[PDB]
Structures are given as structure tokens and as C-alpha cells.
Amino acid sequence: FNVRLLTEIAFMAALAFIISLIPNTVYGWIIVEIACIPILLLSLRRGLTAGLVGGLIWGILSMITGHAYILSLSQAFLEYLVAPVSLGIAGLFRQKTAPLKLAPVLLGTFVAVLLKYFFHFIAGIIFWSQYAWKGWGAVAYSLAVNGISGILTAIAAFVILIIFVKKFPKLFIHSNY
């Protein structure tokens, strides 16, 4: 049903935003983005389009609540529309049939967090270089900050989605009935 789908999309976007309110800073803009997780789960369970749309709504929530860090129109577009929308790419690893296998869950999480932090890394180069550490070029700087955020976000998403695969595998498989 379309009703069920819209609500799940809506709820997971809201959940992501709500989770984004937890302090998640390790050092500067090195962060653990646990708020990616409801979007990943949404995409993994409902597929690409649902995932893309959940990401969109999450990004729009960040911006209109003042919880987004904005430097320009293009940068906000890149980092709060494209980047969260890109998480939906996880939907390409949706499993429709039991038994749930772990490897597609990890593979789709890895690819989507990577795709997300790839866009932040491009952002870092164009929009954030003024903050590059003493002696660091912009590309190197952005790689470390966003390469490390990506890895820690993926670590976090794995821990949680692994627990879910083992204790609640059906979260990942949509049933009409």
C-alpha cells in the first residue's frame, strides 16, 4: 500500500532528524553521523526511491529547523540535499526474500555512507578549505576529515544494522501482509 509506504518514509526521515540532535562530534567536523541509520534502514527495506525521498525530507528538515550549517546556496544544495538523498543508493541492495543475508546489508551501507561522504569531501574542498589545519592542503584536509567521518559513520551503522539483522531480520523485508 501507498499509505503504509508514505508513513514509513515520513517516520524514518523524522527519526533521522531527531537522531541528528544527539551530539556526535569527535573532533571538529570529524563526526559519527548515526542519523544516517534510519535512512539506510528505510532504503534497505523499501528500495531506491523510498530511500532517496527519505533522504530528501531529512535534509529539508535539517535546513528549515536551523540545524544545518550553510555557507552558500550551492553548498547547502550539495550537503543537505544531494548528500542525504544519496544514502538511498542503499536501496539497490534491498532483499525481498528470506532468509536475510548480512552481506547485502553491509555492502549497501558501505556504498551509501561512502557516497554520502564523497559529496561532503567534495564540499570540503570547495567550501571548507579556510579551516584546513596548519600545513594541510585543502584536498588532504577534506580527505582526512570526511574520510574519517565516513569510516566512523559506517562503523556505527554496521554495529547497529548488525544487531538488527540478528535480532530483528524482518525489519529489512517488507511484507504486504
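Residue indices: 1-based, along the sequence shown.
**Student:** Please work out which of 124-132 and 148-156 has the higher mean CA B-factor as recorded in the PDB entry.
**Tutor:** 124-132 has the higher mean C-alpha B-factor.
**Student:** So which stretch wins on mean C-alpha B-factor, 33-41 or 133-141?
**Tutor:** So the stretch with the higher mean C-alpha B-factor is 133-141.
**Student:** Looking at 58, 117, 27, 110, which one carries the largest C-alpha B-factor according to the PDB entry?
**Tutor:** Going by the entry's C-alpha B-factors, 27 comes out highest.
**Student:** Test of reading the entry: by CA B factor among the chain's modelled residues, which third contains residue 89?
**Tutor:** For residue 89, the deposited C-alpha B-factor lands in the middle third.
**Student:** Should residue 83 be placed in the lowest, middle or highest third of its chain by the C-alpha B factor in the entry?
**Tutor:** Lowest third.
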